[PDB]
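Protein chains in written order, with the deposited numbering: chain A, 1 to 47; chain B, 1 to 47.
Written out as C-alpha cells, the structure reads:
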C-alpha cells in the first residue's frame, strides 16, 4: 500500500519525475513524481 | 510528517468526513477526510 506526501524541499515547477524522486529520497521517502496541473512533487513510500 | 492514501474500503461518494475517518481507522490509518471533485475518501497517518 502506497502513501504520498508533498515534498517539502522541491523548489519550482515539477517538470521531471526523476528529479522529484531524488529530492524525495533525500527527504526520507522511496521515490516520488510530479502530479497535477500545478506540477508539484509528491513523495511516495509504502505505508 | 503526514502521508495520505486513498481508502481501499470506502464505498462510493464520500459525503461525511467522519465516516471516512472511521473507515480509514479500520484500514490502520489515524484518520481521513473526503476530498477531490469526485468526492473520495483519503486516509492519513504519520509516515
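For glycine and all other residues, C-beta sits at the position ideal for the given N, C-alpha and C.
Paired residues, beta bridge with residue i - DSSP
i             : result
residue 45(A) : 3(A)
residue 32(A) : 43(A)
Inter-residue Cα distance where the pair is residue i and residue j
i             : j             : result
residue 40(A) : residue 6(B)  : 18 Å
residue 38(A) : residue 28(B) : 30 Å
residue 23(B) : residue 17(A) : 32 Å
residue 45(A) : residue 36(B) : 22 Å
residue 26(B) : residue 30(A) : 25 Å
residue 12(B) : residue 12(A) : 35 Å
Test item: CB-CB of residue i and residue j under 8 Å
i             : j             : result
residue 34(B) : residue 14(B) : yes
residue 47(B) : residue 1(B)  : yes
Contacts around residue i, its chain only, beta-carbon distance under 7 Å, and the 5 residues preceding and following it disregarded
i             : result
residue 20(B) : 7, 10, 14, 32, 33, 34 and 41
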